[PDB]
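Remarks on the structure that follows.
So you know, we letter chains A, B, ... as the sequences are listed, proteins then strands, and number each from 1. Any value given below was found using the heavy atoms of this structure, including those in side chains, with hydrogens, waters and symmetry copies removed.
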Amino acid sequence: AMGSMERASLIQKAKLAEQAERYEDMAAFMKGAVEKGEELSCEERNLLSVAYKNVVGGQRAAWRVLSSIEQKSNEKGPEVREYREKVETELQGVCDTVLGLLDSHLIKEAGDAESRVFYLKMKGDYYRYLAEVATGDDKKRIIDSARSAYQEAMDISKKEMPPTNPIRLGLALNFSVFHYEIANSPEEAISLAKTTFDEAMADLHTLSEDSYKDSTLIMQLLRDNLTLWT
Amino acid sequence: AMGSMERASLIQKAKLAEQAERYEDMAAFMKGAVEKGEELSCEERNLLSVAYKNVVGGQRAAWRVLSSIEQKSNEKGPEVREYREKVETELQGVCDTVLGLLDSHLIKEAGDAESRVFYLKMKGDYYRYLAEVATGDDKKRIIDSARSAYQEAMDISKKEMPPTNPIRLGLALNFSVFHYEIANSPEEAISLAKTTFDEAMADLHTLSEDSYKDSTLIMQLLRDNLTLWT
Amino acid sequence: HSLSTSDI
Amino acid sequence: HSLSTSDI
């Protein structure tokens with residue numbers, strides 16, 4: 001996970017860490033690979049995403065559990081708040097690490113559209129994770145940073161990707177979630193999700209037998225969220 | 001770190017950590033609670049055991065994944081060995097921490113035959129985990145420590161506990177695992193398991209519905225091991 | 001608790 | 001595999 005290890009050996013160990021479900025190790029290995037300065041292939045981008053998705057995902061789940069106990073008891077002892085603050089700080093440290101790597105190494109002025117959208121979506125997600133736990137004027141700045149990342153990714157995806165492209169779909173999905181849960185604009189979220197689903201459905205016949213599963217899975221999530229939100 | 005926190009608060013936070021599936025945090029809170037120098041209740045003993053059981057459990061599962069990938073060498077690069085060593089060192093550090101706590105605070109001459117057997121079984125289990133990864137003169141030294149701890153727990157259980165006592169059953173269960181997997185004595189392992197099962201089976205009619213649930217649960221594990229070993 | 005790409 | 005107490 002360090003700078004004395006060849007880049008190719010870090011990729012190998014990231015895959016081993018994934019097999020062993022050691023996602024903290026996995027993220028550390030991929031962080032070390034990114035810091036080598038070279039671009040990530042598509043497979044390597046997903047290793048990076050999976051690694052940190054699991055790490056932050058466990059922290060978010062823990063934060064939600066403790067935050068509900070704190071609000072339920074809000075209607076006592078400081079143990080819940082104290083521990084929720086400790087998890088929160090840990091979550092923020094991971095998000096900062098991710099955003100740092102994106103700004104420092106991965107977000108480039110010109111790559112291929114697939115990769116440019118991938119990293120800008122990632123920027124929006126991890127700013128969104130910060131917004132879930134922020135509170136004041138610091139939250140306003142985070143939200144605006146998420147919106148700009150999502151919006152720039154969106155603009156690229158609509159100009160360079162077809163409506164059934166799984167990365168464009170995944171972006172619109174997470175962006176619709178941003179509208180609903182962060183920006184508190186349920187009308188934008190429903191509209192975006194419905195529009196994204198319909199324009200994919202209208203083109204679904206143009207998909208091969210292999211890539212059909214990747215797009216429809218996201219389309220089902222869009223549909224699931226619409227049920228939740230309406 | 002934990003020294004500034006009240007004992008009761010540490011117990012509350014360990015329970016919170018368990019709800020959030022934050023078992024590394026849970027182990028640190030319980031370690032702090034133990035280091036207050038006061039005995040642990042039955043409830044608190046199980047919190048401690050559950051916490052470190054999850055921690056070392058994930059490491060053992062990861063060590064096994066990597067070790068088999070490493071053993072499949074001609075039925076090659078050093079990455080698998082290096083990462084397996086990293087995990088191994090980390091597993092050992094957790095076991096040492098548990099053994100350090102048992103020797104320094106928990107294992108005592110005083111107390112009921114329930115706490116005394118609980119902690120001595122725990123000492124055997126975590127020397128066994130260390131034995132799973134050791135090799136040389138250090139290994140024999142480790143196996144002797146596990147054997148000795150299991151035997152002393154065994155002696156207390158057969159003298160001060162009925163055959164259906166769940167703690168006695170779990171100790172015998174783990175001791176039989178020690179024979180089969182560590183000492184390489186399948187005959188002793190099978191004999192101990194069968195003896196434990198049959199002797200508990202004969203006394204099941206003297207139990208209530210709750211005790212009957214606890215005992216049979218462990219007895220089924222003895223049954224599973226037997227059917228596999230023979 | 002809305003669904004995102006993490007939930008595919 | 002061999003079941004221990006960890007296996008409920």
Side-chain angles (χ1 to χ4, degrees), chain A residues 46 49-50 52-58 60-61 64-65 67-68 117-118 121-122 124-126 128-129 132 150 153 166-183 186 189-190 192-193 196 214-230, chain C:
Chain A
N46 289 279
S49 181
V50 171
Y52 280 109
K53 177 236 291 176
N54 277 268
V55 174
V56 76
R60 292 169 70 204
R64 294 180 193 195
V65 169
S67 194
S68 47
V117 168
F118 186 97
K121 171 185 174 295
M122 207 164 174
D125 294 335
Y126 280 89
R128 167 162 60 89
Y129 304 153
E132 290 178 337
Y150 279 140
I167 291 162
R168 170 169 168 181
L169 289 172
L171 170 62
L173 170 56
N174 288 10
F175 200 5
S176 69
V177 172
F178 169 89
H179 287 297
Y180 189 84
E181 241 135 60
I182 313 301
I190 291 166
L192 179 53
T196 304
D214 306 332
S215 301
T216 56
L217 285 179
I218 296 167
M219 292 165 70
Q220 291 179 307
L221 296 182
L222 293 168
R223 182 139 283 250
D224 288 348
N225 282 337
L226 287 167
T227 302
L228 252 2
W229 301 343
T230 65
Chain C
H1 47 83
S2 301
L3 298 157
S4 58
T5 48
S6 295
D7 291 298
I8 65 162

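When the options A:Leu221, A:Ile218, A:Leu222 are evaluated for a side chain to side chain contact (heavy atoms under 4.5 Å, CB included) with C:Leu3, the one that passes is A:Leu221.
Counting heavy atoms from C-beta outward, A:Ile190 and A:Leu226 have side chains that approach closer than 4.5 Å.
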For chain C and chain A, what donor-acceptor pairs lie under 3.5 Å, backbone included?
from, atom 1, to, atom 2, distance (Å)
C:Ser2, N, A:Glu181, OE2, 3.3
C:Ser2, OG, A:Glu181, OE2, 2.6
C:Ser2, OG, A:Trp229, NE1, 2.9
C:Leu3, N, A:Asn225, OD1, 2.8
C:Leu3, O, A:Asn225, ND2, 2.7
C:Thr5, N, A:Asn174, OD1, 2.9
C:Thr5, OG1, A:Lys121, NZ, 3.1
C:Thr5, OG1, A:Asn174, OD1, 3.2
C:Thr5, OG1, A:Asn174, ND2, 2.8

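Rounded to the nearest 0.5 Å, atoms CG (A:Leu173) and CD1 (C:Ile8) are 9.5 Å apart.
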